[PDB]
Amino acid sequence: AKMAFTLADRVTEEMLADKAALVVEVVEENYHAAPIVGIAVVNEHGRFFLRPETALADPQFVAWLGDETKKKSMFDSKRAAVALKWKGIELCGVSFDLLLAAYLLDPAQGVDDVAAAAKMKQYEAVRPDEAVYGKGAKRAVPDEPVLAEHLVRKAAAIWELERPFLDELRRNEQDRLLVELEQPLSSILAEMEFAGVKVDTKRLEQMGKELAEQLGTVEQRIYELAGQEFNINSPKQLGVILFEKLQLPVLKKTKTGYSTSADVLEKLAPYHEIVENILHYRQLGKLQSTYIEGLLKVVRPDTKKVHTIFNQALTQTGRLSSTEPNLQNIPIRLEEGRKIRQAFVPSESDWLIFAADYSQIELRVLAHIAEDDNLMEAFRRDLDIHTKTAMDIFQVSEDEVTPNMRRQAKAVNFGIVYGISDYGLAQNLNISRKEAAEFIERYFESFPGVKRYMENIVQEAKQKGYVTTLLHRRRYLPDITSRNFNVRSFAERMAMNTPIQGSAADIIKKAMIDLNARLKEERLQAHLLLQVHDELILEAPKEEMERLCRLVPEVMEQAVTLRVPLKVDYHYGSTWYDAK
């Protein structure tokens, strides 16, 4: 039923009040330099709809905006903030974000628009976004009066949902988690995205050059070794032209056939010199398309920068997400892939990249929550549990543990505390089930207080229906009561990982809050560029490095006081690769 609003053809005084619901509509999925299709304003004085072309020229409207004393209630404020940034317009004053509010109250709700968020509060006087602009090869902006009626309903929806959403947060002890943590971070992530990272494009290209070379040269050998013309990309083909054309053993099977995962071609290599050229050719493939081109595809022409979008209310545990491109999955494990980081450089001349980590954080975080005597005492002794477990998964001595090695021991360590079964472990470090099984018993012999944790957090979820993080981020687990054994089991493994994965994500979020607050009150040219789950990557002039090497680690270790010490590793250099 037509909600009455005045389609404004000019701005006015009564629509620039010190509190209003705002909507700077960015239909485009990727808001980087995306046009603004419309504006809407609800405030005690009424409901208005301003046309972008208009309002974004009006200095009185542009002022009310950039004015932090003029309050704005919104949904996905970063989406608008970044879009405006690219227009030279500053957006301050956002005191409430409906999107992040619904995320804290229940990340499983999967809110992708105001309607979905509103529905969560028995408010449905608003249409879902997909209904208004559609999707697929049809997607478009409805005509003036349709776009208008919707933007005003979304704004009106935001106007009314603030109270309901804030109260439940208040009762859930998440009001501060919203206002003092999630909302502050949204402005910082906007800067990081708008700032973007510089891309050594010339190099990156001269990389794709040779790749194609070492590709076909490893593609024909494949047709040779196989003796035909199958496409290395069809697992169905890799299955037949393998175990059924080329007769090899099946050590594992998929829900369609038999695994051709790398953890198989590996074990099934010596049975033919084709399984080796497939391992290498697939690596060069991935690294070729999913990166060289994949990155250059998002590199803007002028600034030569890429601008990731840090999705803040997407993951179910509190972690951030990155897309177009995913800068949280840049190669680093092997040497070939790692060099691509030499393509990531400082944004200004004579600057440096400063990357800071967090030493075995989830393990430290588990130590604090689980409170196992020996896991804490160990850290209080400053040991590297990854290297140690490596000393076993290889029986070697501390001095004989390699970077490559510490990785598997690391994956084993988390595999073990987060559910892993003797079979899962057995296939990982490629051993027997009886060995893996006993290695896990001794693990919990080393950390009994932790065993007790895997057992009570399962009961905790079973009783409350939700797990929680250090900073009060909660995760509902209704499948914990499932009568299906595997639904219940996945639920239980979530109750074991979410509190830990989530608390670690809360801490890197708070550290980020202290880091911007510090860099600002000390006024430095340095700023954050990326967040990689438990690592921050800043860029600054060479002259600030000496102050960074102390301020960046100190801020991160201070964020929260655990029963164990936090510890940061940090390095810097001319490129992302150099920063080590």
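Just count from 1 along the sequence shown to find any residue number.
- As the entry records it, the average C-alpha temperature factor is higher for 29 to 37, out of 507 to 515 and 29 to 37.
- Taking the mean C-alpha B-factor of each stretch as recorded, 287 to 295 and 319 to 327 are not equal, and the higher mean is that of 287 to 295.
- Note on 534, 53, 554, 546: the highest value goes to 53, judged by CA B factor as recorded.
- In this structure the maximum Cα B-factor among 273, 422, 455, 371 is found at 273.
- Per the PDB record, residue ranking by Cα B-factor puts residue 119 in the lowest third of the chain.
- Split the chain's modelled residues into thirds by C-alpha temperature factor. Residue 269 is in the highest one.
- For residue 393, the recorded CA B-factor ranks within the highest third of the chain. Only modelled residues enter the ranking.
- Per the PDB record, residue ranking by Cα B-factor puts residue 575 in the middle third of the chain.
- Split the chain's modelled residues into thirds by C-alpha temperature factor. Residue 21 is in the lowest one.
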